[PDB]
Amino acid sequence: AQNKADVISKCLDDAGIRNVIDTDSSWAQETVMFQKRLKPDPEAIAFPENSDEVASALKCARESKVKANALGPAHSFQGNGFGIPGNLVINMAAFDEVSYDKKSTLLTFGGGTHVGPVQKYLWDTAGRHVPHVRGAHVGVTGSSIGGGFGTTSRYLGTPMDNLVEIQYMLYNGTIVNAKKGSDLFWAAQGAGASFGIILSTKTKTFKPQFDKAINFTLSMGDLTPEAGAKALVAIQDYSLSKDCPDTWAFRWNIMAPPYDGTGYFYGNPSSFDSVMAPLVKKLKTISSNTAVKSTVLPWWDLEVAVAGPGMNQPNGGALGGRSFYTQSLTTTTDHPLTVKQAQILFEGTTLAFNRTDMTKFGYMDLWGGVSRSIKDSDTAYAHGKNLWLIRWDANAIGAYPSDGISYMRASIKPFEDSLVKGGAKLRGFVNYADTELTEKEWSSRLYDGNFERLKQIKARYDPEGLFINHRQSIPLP
Ligand SMILES: *Cc1cc2c(cc1C)nc1c(=O)[nH]c(=O)nc-1n2C[C@H](O)[C@H](O)[C@H](O)COP(=O)(O)OP(=O)(O)OC[C@H]1O[C@@H](n2cnc3c(N)ncnc32)[C@H](O)[C@@H]1O
Ligand SMILES: *[C@@H]1O[C@H](CO)[C@@H](O[C@@H]2O[C@H](CO)[C@@H](O)[C@H](O)[C@H]2NC(C)=O)[C@H](O)[C@H]1NC(C)=O
Ligand SMILES: *[C@@H]1O[C@H](CO)[C@@H](O)[C@H](O)[C@H]1NC(C)=O
Ligand SMILES: *[C@@H]1O[C@H](CO)[C@@H](O)[C@H](O)[C@H]1NC(C)=O
Ligand SMILES: [Cl-]
C-alpha cells in the first residue's frame, strides 16, 4: 500500500517519536548507506531516543504489517541497515553509551555505537583493547553479530566470540538479557538481527602485553602462476607450524600481479625477525625478490593505522562507500589448500580480471590461531577451526555494470569446485555474506548443521516474523 507510510508516520508522531517518510525534505539525507549498488527504500525511519521509543516503534511496525529493521552506522555490504524495501527502519544513533567495569573488566556498548569511540574510551580509561573490524566508523553491534575478525583475532579471538551478554528488546517490547550459555545468545552469534533490537552488549576486554607492536609488508613481486601458488602454500605451512605464533597476523592480497600482502605482529617487537626467519627462508627458495619491511609503533598509533583516523573522533569518522558486490569463502584446518587449488583461485579471479569499468579488490586473511578450540556447534555462525577468510570483490568505476555479478561469480566458481573436489564443504562469513545465494546455499555456508536449531529459536522469539527483514534473515520453520 502506498499510504502505508502515512499510517506509520502518524503512529510514530502520536508516540512522540521523531520520524521521516519519503515526502520529508530530509529523506535523501537519511537514506544513505555504504553499499551504493543497492538503493534504500524503507517505508519510514524512526529515531527513538530511548528503549520506550524503540518499543513504540516496534508496535507501530506490527500495526501496519511491516517488518522492523535496525539501522546502525550503515556499513552492511548487503544493504542490511535498511533491508528489503518496505521496512520500518529504526535508526539506533541515540544509543551511543559506552561504559567500563574495572572490577569485572567487561565493557558495555550501546546498540548504535561505533568502533572508534568505544576503543578510544577503553584505551584512554583502562589501557585495554577489544578485537574489532578495520574501520573505526563501523557499528560495534552490527559487526560483532556477524563475526568481525580483526588484526588481533588470531591470539585474542573474534568480536563475536568475545561477547558475553546481549540486552535484547523482543518483538513485543519485552527486554531480556541473553547471557553466554543460552539459546538466544547462541543465535545472536551469527544471526542477531533476526531476534530483536539490541539495546546494549557486554564484551570481554584484553591488556596488550607490550607498549609497541608491528605493521609489516611482505612482497614477492611478479611471479609465475605456479610460483604464486607455491608461495601461498608455503605461507599456509608456516602458519600451521610451531614457528608461527598466534600473535602474528597476515593478509595475502588477491590482486596479483604482483604477489604481496600486509601483516602485523603483537608479540615482543624485538622478536619479529626470528619469528619471520623460517617463513622468509622458504619464500626465498621460490623467489629471490622476497622482501619484508616492518615498522615499530606505539599501540594506539598502530590502531589508528589499522582502522583509520576515525579512531580518534566521537562518531568514528566518515561513512564513505562505493558500488560493489562481495563474495567470500572460508576454509578450515581440516582442508588446507593445495598448490592446484591456490592456482585455480588466482587464475580465475585476479589473473583473469580484465574489466575497465570495475577495479578488483581481493584478499585472504589468515585465520587459525585460537580458532583451533572452537567447534562449529559453539555459535550459530559456524567457524570452528577456520584457517582462511577469502574475499573476492570489485568496485565500480561508475555505476555497477549489468554483467558485473555474473562475471564475478563465474571468476571464482572453478575455485569453489576445487574445494569440493578435495573434500571440503563450502563455507562463508556473515559480514561478507553473498547477496546472490539461495537459502540452501547461504544457510549451509553460514550455519551448516546449526540451521534447524536456529529456526526453532526464531519461532520461539519472533513468532510473527517481525525481524525477517533482509534476504538472509532466519526464516520460521
Ligand atoms: C563499512 C565497513 C565495513 C566493514 C569494515 C570496514 C568498513 C569501512 N571492516 C570489516 C572488517 O575488518 N571485518 C569484518 O568482518 N567486517 C567489516 N566490515 C563489515 C561490517 O562489519 C558489516 O557490514 C556490519 O554488518 C556493519 O554493521 P553496522 O551496524 O555498521 O551496519 P548496518 O548496515 O547499519 O547494520 C548491519 C546489520 O546489523 C544489524 N544491526 C545493527 N545494529 C543493530 C542493533 N542495535 N540491533 C539489532 N541489529 C542491529 C542491522 O539490522 C543489519 O542487519
Ligand atoms: C606502518 O604504518 C605507519 C603508520 O601509518 C606507516 O608510516 C607512514 O609511512 C608513510 C610513508 O611510507 C608516511 O608518509 C606516513 O607519514 C607515515 N605515518 C606515520 C604515522 O609514521 C609505515 O610506513 C607502515 N610500515 C610498513 C607498512 O612497513
Ligand atoms: C576479457 O575477459 C573475458 C572473460 O574471459 C573474455 O571473454 C574477453 O575476450 C576478454 N577481453 C580481452 C580484451 O581480453
Ligand atoms: C514477548 O515475547 C516473548 C518471545 O516469545 C515471550 O517469551 C514473552 O512471554 C512475551 N511477553 C509478553 C508480555 O507477551
Ligand atoms: Cl615494546
Side-chain angles (χ1 to χ4, degrees), residues 33-35 40 54 67-83 87 89-93 95 109-115 131-151 153 158-160 166-169 188 191-201 208-219 251 262-264 267-271 292-299 301-310 316-322 326 328 363 365 389 391 429-433 467 469-473:
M33 65 179 184
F34 184 82
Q35 175 56 265
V54 176
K67 309 298 194 176
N69 194 100
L71 172 58
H75 272 268
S76 177
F77 299 169
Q78 308 74 23
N80 297 345
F82 289 88
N87 298 337
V89 166
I90 298 168
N91 181 311
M92 294 299 290
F95 290 87
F109 56 93
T113 50
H114 311 254
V115 165
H132 57 81
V133 299
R134 310 190 195 198
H137 189 250
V138 180
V140 188
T141 306
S143 64
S144 294
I145 61 176
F149 184 93
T151 62
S153 288
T158 66
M160 190 184 78
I166 299 173
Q167 180 181 46
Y168 262 108
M169 176 164 290
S194 284
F195 302 91
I197 304 295
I198 300 173
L199 304 172
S200 67
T201 301
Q209 291 317 319
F210 300 85
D211 285 324
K212 297 170 188 165
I214 283 170
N215 56 319
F216 70 94
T217 57
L218 189 158
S219 167
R251 169 173 290 187
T262 58
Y264 305 91
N268 191 329
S270 60
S271 297
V292 174
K293 299 286 174 196
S294 65
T295 309
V296 183
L297 297 176
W299 181 264
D301 290 324
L302 178 60
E303 283 284 88
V304 171
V306 165
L319 177 57
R322 44 199 190 187
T326 309
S328 170
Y363 58 81
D365 286 316
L389 174 52
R391 175 171 175 193
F429 182 67
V430 176
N431 284 344
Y432 300 168
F467 300 109
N469 54 33
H470 70 275
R471 193 149 158 199
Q472 297 190 8
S473 292

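No hydrogens, no waters, no symmetry mates; every other heavy atom, side chains included, goes into these values. Both counts, for ligands and for their atoms, begin at 1 and track the order of listing. Nothing fancy with the numbering, it's 1 onward along the sequence.
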S.K.: Would you say atom 26 (C) of ligand 2 has a protein heavy atom nearer than 4.0 Å?
M.R.: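 At least one protein heavy atom is under 4.0 Å away.
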S.K.: Tell me whether ligand 1 is touched by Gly196 - counting only heavy atoms on the residue side and a distance under 4.0 Å.
M.R.: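 Per 4.0 Å heavy-atom rule, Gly196 contacts ligand 1.
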S.K.: Ignoring hydrogens, just give me the one of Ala433, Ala70, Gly83 whose non-hydrogen atom is nearest atom 49 (C) of ligand 1.
M.R.: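 Looking at heavy atoms only, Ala70 sits closest to atom 49 (C) of ligand 1.
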S.K.: Can you list the steps and then say if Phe195 with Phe467 is a ring-ring contact (aromatic ring centres under 6.0 Å, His included)?
M.R.: CA-CA 7 Å; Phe195 302 91; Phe467 300 109; 9.0 Å; no
S.K.: Relative to atom 17 (C) of ligand 1, which among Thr158, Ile90, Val133, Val430 owns the nearest non-hydrogen atom?
M.R.: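 Selected option, by shortest heavy-atom distance: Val133.
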S.K.: Using 0.5 Å steps for rounding, measure from the CG atom of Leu389 to the CZ atom of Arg251.
M.R.: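 It comes to 8.0 Å.
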S.K.: Please answer whether the main-chain N or O of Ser270 pairs with a side-chain N or O of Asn268 as donor and acceptor at a distance below 3.5 Å.
M.R.: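 Checked: pair present.
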S.K.: What's the shortest heavy-atom distance between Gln35 and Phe77, and which atoms?
M.R.: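 Between these two residues, the closest heavy atoms are NE2-O, 3.0 Å.
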S.K.: Is atom 1 (C) of ligand 2 in close reach of the protein, with a heavy atom under 4.0 Å away?
M.R.: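 There is a protein heavy atom less than 4.0 Å from atom 1 (C) of ligand 2.
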S.K.: Examine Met92 against ligand 1 and note whether any of their N/O atoms are separated by less than 3.5 Å.
M.R.: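 N/O-N/O distance below 3.5 Å does not exist for this pair.
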S.K.: Just distances here: any N/O of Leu71 and N/O of ligand 1 closer than 3.5 Å?
M.R.: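 No.
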S.K.: Counting only non-hydrogen atoms of the protein, does one fall under 4.0 Å from atom 14 (O) of ligand 2?
M.R.: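 No, there is none.
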S.K.: So is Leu297 close enough to ligand 2, meaning a heavy atom under 4.0 angstrom away?
M.R.: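 Flag set, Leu297 near ligand 2.
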S.K.: Considering only protein heavy atoms, which is closest to atom 5 (O) of ligand 2, and at what distance to one decimal place?
M.R.: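 Ranked first by proximity to atom 5 (O) of ligand 2 is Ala305 CB, 3.9 Å.
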S.K.: Which atoms of ligand 2 sit under 4.0 Å from any heavy atom of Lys293?
M.R.: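 Near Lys293, the atoms of ligand 2 are 28 (O).
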S.K.: Can you list the ligand 2 atoms lying under 4.0 Å from a non-hydrogen atom of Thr217?
M.R.: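 Selected atoms, number and element: 27 (C).
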S.K.: Quick one: does ligand 1 sit under 4.0 Å from the side chain of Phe95, the backbone, both or neither, non-hydrogen atoms only?
M.R.: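 No part of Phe95 is near ligand 1 at this cut-off.
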S.K.: Need the ligand 1 atom indices (1-based, order shown) with element for anything under 4.0 Å from a heavy-atom of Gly148.
M.R.: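 With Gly148 as reference, the close atoms of ligand 1 come out as 15 (O).
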S.K.: Any idea which of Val54, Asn469, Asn431 brings a heavy atom closest to atom 22 (C) of ligand 1?
M.R.: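 Among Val54, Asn469, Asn431, the closest heavy atom to atom 22 (C) of ligand 1 belongs to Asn431.
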S.K.: Among all protein non-hydrogen atoms, which one is nearest to atom 23 (O) of ligand 2, and what is the separation to 0.1 Å?
M.R.: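 For atom 23 (O) of ligand 2, the nearest protein heavy atom is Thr295 OG1, 4.4 Å.
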S.K.: Quick one: nearest non-hydrogen protein atom to atom 6 (C) of ligand 2, plus distance?
M.R.: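 The protein heavy atom lying closest is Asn215 ND2, 4.3 Å.
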S.K.: Please indicate whether any nitrogen or oxygen in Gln78 is less than 3.5 Å from any nitrogen or oxygen in ligand 1.
M.R.: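 No - when backbone and side-chain N and O of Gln78 are compared with those of ligand 1, no distance drops under 3.5 Å.
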S.K.: If you scan the protein for heavy atoms around atom 21 (O) of ligand 2, do you find one that is closer than 4.0 Å?
M.R.: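 Under the 4.0 Å cut-off, atom 21 (O) of ligand 2 has no protein heavy-atom neighbours at all.
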S.K.: Evaluate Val138 for polar contact with ligand 1, using N/O atom pairs at a separation under 3.5 Å.
M.R.: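 Between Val138 and ligand 1 (N or O atoms, distance only) the closest approach is not under 3.5 Å.
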S.K.: Check this for me - ligand 1, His470, N or O atoms closer than 3.5 angstrom, yes or no?
M.R.: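 For ligand 1, there is no N or O atom that lies under 3.5 Å from one belonging to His470.
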S.K.: Mind checking whether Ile145 has an N or O less than 3.5 Å away from an N or O of ligand 1?
M.R.: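 No - when backbone and side-chain N and O of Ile145 are compared with those of ligand 1, no distance drops under 3.5 Å.
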S.K.: Examine the side chains of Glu303 and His132 and answer whether a donor and an acceptor come within less than 3.5 Å of each other.
M.R.: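 Distance-only check passes for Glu303 and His132.
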S.K.: Report yes if some N/O of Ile197 lies less than 3.5 Å from some N/O of ligand 1; otherwise report no.
M.R.: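 In fact, backbone or side chain, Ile197 has no N or O that close.
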S.K.: Should the proximity of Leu302 to ligand 2, defined as any heavy atom under 4.0 Å, be assigned to the side chain, the backbone, both, or neither?
M.R.: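 Neither part.
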